[PDB]
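The block underneath contains the structure these notes are about, expressed in structure tokens.
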Amino acid sequence: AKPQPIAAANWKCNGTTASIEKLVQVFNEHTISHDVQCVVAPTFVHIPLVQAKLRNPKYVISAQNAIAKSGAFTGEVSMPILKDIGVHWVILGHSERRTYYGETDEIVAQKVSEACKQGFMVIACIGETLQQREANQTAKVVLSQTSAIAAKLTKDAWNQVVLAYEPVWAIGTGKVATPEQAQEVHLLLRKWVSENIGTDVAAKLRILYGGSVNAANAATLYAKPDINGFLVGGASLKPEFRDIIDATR
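Take the position in the sequence shown, starting the count at 1, then add 1; the result is the number in the authors' numbering.
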């Protein structure tokens, strides 16, 4: 059978106090009856508000990024600071950070390793660009990104890792991957983990899909055997996130 699914909301750089209060109320009033881990990732400045208002017991709060250590890093937020305020999930290596903010495979792998050492659950993002897909490099790219992370982890650390496969061409564009496209990559990843890390790790690993997931396409993605849930951007700012959660039944 499949491991426990995850439905994760990446709000990105969005929100006002009023809109967040309304959306959290919607999430609180949605009764979830199956075993799923829901995750909401607000901007840093909204974490305290969401902590105060979110009561649905299926949810945890995640940060959208972090650095490993406190110190002289003006503008950044560290993992120890997040832990002290009660946040123990983080998204690392999102495409937007790899693209705009210079996060290379080695930077991502270092961050993931440090988060695991500090007791975080980590959603680590990987995925290929349109050019790489059309060059038939998808497998090489996603396995390179994954092996860079794996090189800095011990086997036990994998209990804290969730992989999110987000093809860059699907992020925010409306052009979701087909279920067959996503399943092909998820199966390739799970096999790599099984051979290189362990079959026990691979059977428990959650591999999420993201990139233009909405409430109408989520259930047909989740039907595939190696898809364990979703990392959702635009649709997670809307009430229809409730139906994305319920598509993981």
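Every residue, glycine too, gets a C-beta built ideally from N, C-alpha and C.
Separation of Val40 from residue 1, as counted between CA atoms | Since the first and last residues shown for the chain are 2 and 250, residue 1 lies out of range.
Continuous alpha helix (DSSP H) stretch holding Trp193: start and end = Position 192 of the sequence shown, counted from the start, is the residue given in the question as residue 193. Going by DSSP, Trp193 is part of the alpha helix (DSSP H) stretching over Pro180 to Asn197.
Note the first and the last residue of the continuous alpha helix (DSSP H) segment covering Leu93.
-> Within the sequence shown, numbered from 1, the residue matching residue 93 stands at position 92. Careful: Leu93 lies outside any alpha helix (DSSP H), inside the beta strand (DSSP E) at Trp90 to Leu93.
Touch check for the region 150-167 and the region 65-79: three-plus C-beta pairs under 8 Å?
-> no
Under a three-way DSSP split, which group does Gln5 fall into?
-> If you number the sequence shown from 1, residue 5 lands on position 4. Taken through DSSP and simplified to helix, strand or coil, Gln5 comes out as coil.
Just tell me which of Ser20, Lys156, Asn11 and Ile108 has its CA closest to the CA of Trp90.
-> In the sequence shown, counting from the first residue as 1, residue 90 sits at position 89. For the residues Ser20, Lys156, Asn11 and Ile108, the minimum Cα distance to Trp90 belongs to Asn11.
Distance, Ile208 Cα to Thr174 Cα = Within the sequence shown, numbered from 1, the residue matching residue 174 stands at position 173. Within the sequence shown, numbered from 1, the residue matching residue 208 stands at position 207. The straight-line gap from Cα to Cα measures roughly 21 Å.
Rounded to whole angstroms, what's the CA-CA distance from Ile48 to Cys117? Just pull it up for me.
-> Numbered from its first residue, the sequence shown carries residue 48 at position 47. Numbered from its first residue, the sequence shown carries residue 117 at position 116. It is roughly 21 Å from the alpha-carbon of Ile48 to the alpha-carbon of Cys117.
CA nearest to the CA of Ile82, picked from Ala64, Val194, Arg98 and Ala183 | Sequence index remark: in the sequence shown, residue 82 carries index 81 (1-based). Here the closest residue by C-alpha is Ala64.
Look at the Cβ atom of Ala125, then the Cβ atom of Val113, and state whether they are nearer than 8 Å.
-> The residue given as residue 125 occupies position 124 in the sequence shown. The residue given as residue 113 occupies position 112 in the sequence shown. Taking 8 Å as the Cβ cut-off, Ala125 and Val113 qualify as a contacting pair.
Does the region 223-238 touch the region 191-210, meaning 3 or more C-beta pairs lie closer than 8 Å?
-> Touching, yes.
From which residue to which residue does the alpha helix (DSSP H) around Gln26 run?
-> Reading the sequence shown from its first residue, position 25 is the one you call residue 26. Counting along the chain, the alpha helix (DSSP H) containing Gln26 begins and ends at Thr18 to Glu30.
Counting along the chain, where does the beta strand (DSSP E) carrying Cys117 start and finish?
-> In the sequence shown, counting from the first residue as 1, residue 117 sits at position 116. Counting along the chain, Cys117 falls outside any beta strand (DSSP E), though it belongs to the alpha helix (DSSP H) covering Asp106 to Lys118.
Assumed close pair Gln119, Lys84 - CB separation to whole angstroms, cut-off 8 Å | For this step, residue 119 is matched to residue 118 along the sequence shown. For this step, residue 84 is matched to residue 83 along the sequence shown. Between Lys84 and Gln119 the Cβ distance is about 6 Å, and since that is below 8 Å, they are a contact.
Can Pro180 and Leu222 be called in contact, C-beta distance under 8 Å?
-> Locating residue 180 in the sequence shown gives position 179, where the first residue counts as 1. Locating residue 222 in the sequence shown gives position 221, where the first residue counts as 1. Against a cut-off of 8 Å, the Cβ pair of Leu222 and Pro180 comes out as a contact.
Using the C-alpha atoms, what's the distance from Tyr60 back to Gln111?
-> What you label residue 111 is simply residue 110 of the sequence shown in a count that begins at 1. What you label residue 60 is simply residue 59 of the sequence shown in a count that begins at 1. Straight-line Cα distance between these residues: approximately 27 Å.
Run through DSSP, which three-state label would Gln65 get?
-> Against the sequence shown, residue 65 aligns to sequence position 64. Three-state result, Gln65: coil.
Taking the alpha-carbon positions, what's the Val27 to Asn137 distance?
-> In the sequence shown, residue 27 corresponds to position 26, counting from 1. In the sequence shown, residue 137 corresponds to position 136, counting from 1. Those two C-alpha atoms are separated by around 42 Å.
Secondary structure of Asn11, DSSP reduced to three states | To locate residue 11, count along the sequence shown from 1; it is residue 10. Strand, per DSSP.
Taking Cβ positions, are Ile62 and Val46 nearer each other than 8 Å?
-> Locating residue 62 in the sequence shown gives position 61, where the first residue counts as 1. Locating residue 46 in the sequence shown gives position 45, where the first residue counts as 1. The answer is no: Cβ separation not under 8 Å.
Between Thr249 and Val37, which are expected to be in contact by the criterion C-beta below 8 Å, what is the C-beta distance as a whole number of angstroms?
-> Here residue 249 refers to the residue found at position 248 of the sequence shown. Here residue 37 refers to the residue found at position 36 of the sequence shown. The pair is a contact, with the Cβ atoms about 5 Å apart (cut-off 8 Å).
Straight-line Cα distance separating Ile246 from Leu164 = The count along the sequence shown starts at 1 and reaches residue 164 at position 163. The count along the sequence shown starts at 1 and reaches residue 246 at position 245. Taking the straight line from one Cα to the other gives about 18 Å.
Straight-line gap, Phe121 to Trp159 (C-alpha atoms, nearest Å) = Translated into the one-based positions of the sequence shown, residue 121 becomes position 120. Translated into the one-based positions of the sequence shown, residue 159 becomes position 158. Rounded to whole angstroms, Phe121 to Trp159 spans 11 Å at the Cα level.
Unbroken alpha helix (DSSP H) run spanning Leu83, endpoints | Taking the first residue of the sequence shown as position 1, residue 83 is located at position 82. Run containing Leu83: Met80 to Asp85, per the alpha helix (DSSP H) assignment.
DSSP beta-bridge partners of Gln52 | For this step, residue 52 is matched to residue 51 along the sequence shown. Answer by DSSP bridge pairing: none, since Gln52 is not bridged.
Environment of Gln146 [buried if 16+ CB atoms lie within 10 Å] = Locating residue 146 in the sequence shown gives position 145, where the first residue counts as 1. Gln146 comes out buried.
Cβ-heavy atom distance between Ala42 and the ligand HEM below 7 Å?
-> No copy of the ligand HEM occurs in the structure displayed, which carries no ligand at all.
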